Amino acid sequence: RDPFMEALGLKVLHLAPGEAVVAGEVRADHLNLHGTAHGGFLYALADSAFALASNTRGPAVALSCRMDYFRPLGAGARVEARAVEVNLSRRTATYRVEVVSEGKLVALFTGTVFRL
């Protein structure tokens, strides 16, 4: 169980070795002053998939993450983050997470973990 993911209404859809798919919906409480999905909401979603995918290999903590924003989203938008393992080392691992909504690539997340 992940308290923050549930607080944000994010749901784990699928889990597997080095991979995970998390889904959610942009709600009124996830917006910024401009009426669009807060950058922190989209990151949390992708970061959640990243955390889940990396821990399927054992305990791991976030080291460095990059988030590239491409499309703004309004409330009501359905979103999915799919994390895929691009590198797995004895001490670190890196994952690419695509944030997608209605077939559109909303953002691209890249993250590396430190394997405890």
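Numbers follow the displayed sequence, beginning with 1.
Which of 83-91 and 66-74 has higher mean CA B factor, as the PDB entry lists it: In the deposited entry, the stretch with the higher C-alpha B-factor mean is 83-91.
Higher average CA B factor in the deposited record is what I'm after, so tell me if that's 30-38 or 47-55. Mean B over CA atoms: larger for 30-38.
Just say lowest, middle or highest third for the CA B-factor of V21 relative to the other modelled residues in its chain. Lowest third, going by the recorded CA B-factors of the chain.
Where the record places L15 (Cα B-factor, split into thirds across the chain): It falls in the top third of the chain.
By the recorded C-alpha temperature factor, relative to the other modelled residues in its chain, which third is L8 in? Middle third.
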